[PDB]
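Only one chain is given next, in structure tokens, and it is the form deposited in one PDB entry.
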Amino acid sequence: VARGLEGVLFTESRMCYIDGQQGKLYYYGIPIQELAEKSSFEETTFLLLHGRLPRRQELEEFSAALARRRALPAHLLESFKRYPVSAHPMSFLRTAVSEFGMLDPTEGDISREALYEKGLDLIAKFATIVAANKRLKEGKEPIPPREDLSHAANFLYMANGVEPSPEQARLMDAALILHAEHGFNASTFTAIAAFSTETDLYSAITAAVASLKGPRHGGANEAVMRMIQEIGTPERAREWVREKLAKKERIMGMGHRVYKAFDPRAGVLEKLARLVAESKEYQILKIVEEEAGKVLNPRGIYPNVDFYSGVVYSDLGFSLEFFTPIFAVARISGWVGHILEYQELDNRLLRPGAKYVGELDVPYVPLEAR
């Protein structure tokens, strides 16, 4: 029984190579550290959708293309007004994508060209949705996209109401790149499971968002921040971990189905977190990292991408309930890419089985005789 589908390779992919032992990550063969440093969200999105780095003009046009698609339709923006503002942002996002799906007169079209076109709209619009949610949570009005800003800069602008510093934008740009793609993780896999029935892109992405929301998965984002707050001070971190591990509970932001080593994305984020810190949250994380590490590292359990990302998002102006949506704002590129690849390379309905451990030939006992 392949519990958790661990070790099950169900398809072939060119998109993401994860070396869990050595802790390497590549997007179509390019190391993530290279991309985080040098690339942008648009460029990495092109890479993930097209399978190669864009040329100058391609990138310029691809970015303008995405930018032109950032705005949400009035209908959806009107709908947001009654979206329960106390609802979790991932549930906001989940609903927005589904509703957006209804507004598409050709929603069901899944030709490669339509997936790509609808995907460009989702990749572009996700930031606008999450930002709108954030503005609404704050009792303020959603802000229209500024097409002149990069995706990252625009996301910050719509979320915060002011154009970000170039540094702030670069930080957001780095974070998006780091979360953009990561193989057949739970949310990507869920999207493919859904898509494997030839359902529409919105259905597959709603499912992906649904999946990403979980605290075992992308929800570990805010969970780690919850952990930091619960700890409160770096002075309480060690004993906190000691007793957390003593009651055999899990330390959020550590451990990974694949990485049995420091997450190469966490490695990058740790450095960005360190720069923002220069700081209690970061100090607390380092202590948790050290203290939990000494029992978990030997088990192959290390900080993952969710461990340091919150420090980063928090610096960018986001409260913790938006950490996972920010994740989604990036990962949508990877989801669309995977849906395009799965269609091309495999496109088979996923229909697994289980090991039945129940009973057979149980009688239907007459009601009055039970």
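One rule holds for the numbers: they count along the sequence shown, beginning at 1. Superpose the two forms; the largest set of C-alphas matching within 1.5 Å is the rigid core.
FYI, the form deposited in another entry isn't displayed, but the following is about it.
With the rigid core aligned between this form and the one not shown, only one of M158, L122, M252, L171 has a CA shift of 2 Å or more: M252. Core-superposed comparison between this form and the one not shown: the C-alpha position of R226 differs by no less than 2 Å. With the core held fixed, the Cα of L49 is displaced between this form and the one not shown by less than 2 Å.
Superposed on the core, the two forms differ at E270: its CA moves 2 Å or more between this form and the one not shown. Between the C-alpha atoms of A169 and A273, a gap narrowed by no less than 3 Å is obtained in that other deposited form, as opposed to the form on display. If you compare C-alpha positions, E249 and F189 are 3 angstroms or more farther apart in that other deposited form than in the form on display.
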